[PDB]
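Same chain, two forms, each on its own as structure tokens: structure 1, then structure 2.
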Structure 1
């Protein structure tokens, strides 16, 4: 966990995901103080987060000239990505270009010092074999089209597009290269958080109530997947729940082993949204392999960030658990010395 990789698409609350992760690690998540104001980087005393947009080879206007998207590998310089995170992993400060999302250009570099924990997040952290050989853990955030577009209506890119406050051409121009080049990276993730429309009730295009699968890879050295009641078995669990007033659809947990890109995985799934902070502390209490340090830490960490999107559903619950898992992987890896 000296180097983490988070594959996720723009506008999927990866921002919110990054902040839950950082807080478990060291809680600061602030951009560099005196440089470019349009820097994508975040810094804490323990972790530094790098947006892989900064390794675009082609700027916005150049990408248009060649009529390739930010998702094209042609649009991204992977050789430089590889050498730079290889340098950051080995204690070497690096001169990192800055992709300016506002003006669309590749601006003068940022000087990145080598962090205790390095997170590279964006479209291609698992795309290139050389780079994932550097990663000690990898995450993929899978937002299905329905939930993506549902967030893309108001809330996320708030009905601002051009034709019916919809630039929806974007999704239909990006998705070809997205399914060609981004989605196949799921295969290399130790943890996938998959967000889908709810099996419970009829909502969307508002979203809000979600079926969130947490796919965890078995057989990866310091990662024991969380399980519910009996590991290896197939389980449904409706925690209701006298303490539980919840809810309009309620919450239903699911647990089952599965094979995922012909990798054996365990899947924990939560449908619906919880509610009382005394009633999600119930939920934590019946999961195991939460790799927490003390009782209630999942809820503690969730309560701290009680402001956050997805803080009432599996999106925040699983993102918070993934963070604790990765810190476990840290405390292990930071422990392996010395002679």
Structure 2
């Protein structure tokens, strides 16, 4: 059987990096399909196929322009086709999946997708429709706060450079009602949420480099033991920097606490600051628990393959890599059961 993983994110920045981090622990390099469309959003690897949910846009870019709607609006997406095709792939059936051409903003003729071992649906509405949601074996939500969203556009984007600060944040809040109505409530269905906030260690930092990252983990989910620090289920803050581990400004600060998140029980691990050298990453990993690693240091090693990645110096890469490991552990138990069941 194929196992299906939802990834809810805005397409701009972290989702690409998050997806690359998830692909690297699941298997080999994910590449576009061999022939066919050069503007295909599909990424294919030996174990995983990544489907961009833009392909299920029911509304052409110019159709949306003529319409009241935007890409966030459910009017603009075809959840019937999305449900049916995701459902078919999970049962080992190949699907003819249309292609949303981002360059031309057009719907291209479809591509035949073969059923993978690991299917990741990634985009704006993976958890929006309940039929789709019931198919997922694991759900991810990458939640960027608006403060950091703004910083990245200014500090880390070249397309936005033609626009003023006024115009860029005008657009952000102009899209905020649709986002709050249609994207943000998907958090409640996620098994793992990575919330990205400005750091508290530096007062008035808006640069997007030092960040407060929260890893919210649902409890009671079968095959998914949440990560914890020192004493599972208690409330802990933890500064690793000391006599034996020296840090630069501002350093590292960890928080671990239970919580109630959309009327579900969760465990929250939090890292504020950035790693200014590699010993701190090694030290942090050695003190976390329930990381779903195969050997001591795997989180570090898996991060070291993508040192150039954005967020590799802070909690973004650390928690995205941990979430990828937990997912692997989970599908192994799903698949273990499945393969033994077949026997």
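Numbering follows the first chain given and starts at 1. Definition used throughout: the rigid core is the maximal C-alpha set that superposes within 1.5 Å between two forms.
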item	value
Listed options 170, 224, 234, 144; Cα moving by 2 angstroms or more between the two structures (core superposition)	170
Core superposition between the two structures, C-alpha change of residue 259 at least 2 Å	no
Flag for residue 204, CA shift 2 Å or larger between the two structures after aligning core	yes
Rigid core fit then residue 93 CA moved by 2 Å or more between the two structures	no
Per-residue Cα shift, residue 245, between the two structures [Å; core superposed]	3.8
Core superposition result - C-alpha of residue 28, shift between the two structures, Å	1.1
